[PDB]
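A lone chain, given as structure tokens: the form deposited in one PDB entry.
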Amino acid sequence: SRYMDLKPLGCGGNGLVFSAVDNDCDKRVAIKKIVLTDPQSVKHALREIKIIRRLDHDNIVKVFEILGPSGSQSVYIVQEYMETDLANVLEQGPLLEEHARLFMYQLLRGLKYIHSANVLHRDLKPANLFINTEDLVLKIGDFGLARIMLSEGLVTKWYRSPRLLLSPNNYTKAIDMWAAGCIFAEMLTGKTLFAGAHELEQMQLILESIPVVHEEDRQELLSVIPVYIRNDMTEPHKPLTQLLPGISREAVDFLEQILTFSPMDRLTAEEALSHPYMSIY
């Protein structure tokens, strides 16, 4: 009786999403319908709800209510309506460095929050970063959020870290950070940094630009891709400075610190925010 005029917004992983208007307050909402197809789906939906119910931050999409069939506080997640998504913004071209830098700050602020709570995002990509163009606010989408402790082909390989390509079911905070670096490069250039369709070509695209500085990392690659055995992995053929040719040296330097092959050398969300390139906000 509360939510009226519902029009589908598209399809996520969990289910169909709809835009609707609330009667209590004349504001717009975004509702996710999750179908309880199998008992595996009910267990998955229940994990997701307990997480999003306790997270409250300026750069995380706000969850208002949870209702079942007929609307009572199939499952329906009522969240805040955002104007657009980052993917729709970047189809229109690259951003001014001032806007990319501001959106990166907000993305990092949102990551620093979820990571502190021992939550990570299993599906970080421009389509799941929501924008209100009026206030230039960026908010990370709730669906994909998971505690650190069918349709497989519909998962993008593009924002996957070298480690996630080698160990496909192991998600960590550092994996969110690699994806954030990739999204930042995409906001600056208006095109995907590493656009592979398969796990191996994605690894080969990364290896053309990212140095392998540890022998442990080098030995692992020689056991999967032995062609690079007499190549000095320390100096790639097409480095990030070449891949990003019109952007500032300050942006590339900050990027080189996030797009490290090893998670051990990679800045954390907290460290990236304390970086001079970000601390000015």
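Numbering starts at 1 and follows the sequence shown. Heads up, when I say rigid core I mean the largest set of C-alphas that superpose within 1.5 Å between the two forms.
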property	result
Other entries modelling both neighbours but not residue 36, at least a third	yes
Absent coordinates for residue 10 in a third or more of other compared entries	yes
Interval residue 154-residue 155, deposited residues with no coordinates in the entry (none, 1 to 3, 4 to 9, 10 or more)	none
Deposited residues lacking coordinates between residue 73 and residue 74 (none, 1 to 3, 4 to 9, 10 or more)	10 or more
Between 3 to 11 and 272 to 280 (mean CA B-factor, as deposited), the higher	3 to 11
Average Cα temperature factor in the PDB entry - higher stretch of 200 to 208, 173 to 181	200 to 208
Residue, from 60, 252, 213, 34, that the PDB entry assigns the highest Cα B-factor	34
CA B-factor placement of residue 267, once the chain's modelled residues are sorted into thirds	lowest
Among modelled residues of the same chain, the CA temperature factor third for residue 90	lowest
Modelled-residue ranking by C-alpha temperature factor, third containing residue 165	middle
CA B-factor placement of residue 149, once the chain's modelled residues are sorted into thirds	highest
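Not pictured, yet referred to below: the form deposited in another entry.
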query	finding
Position with Cα shift of 2 Å or more, rigid core superposed between the shown form and the other one, options 63, 244, 251, 233	233
Threshold 2 Å Cα movement between the shown form and the other one for residue 142, core superposed	yes
CA-CA separation of residue 229 and residue 205, closer or farther in that other deposited form than in the form shown [shift of 3 angstroms or more]	closer
Outcome for the Cα pair residue 165, residue 232 in that other deposited form, compared with this form (closer or farther; change of 3 Å or more)	closer
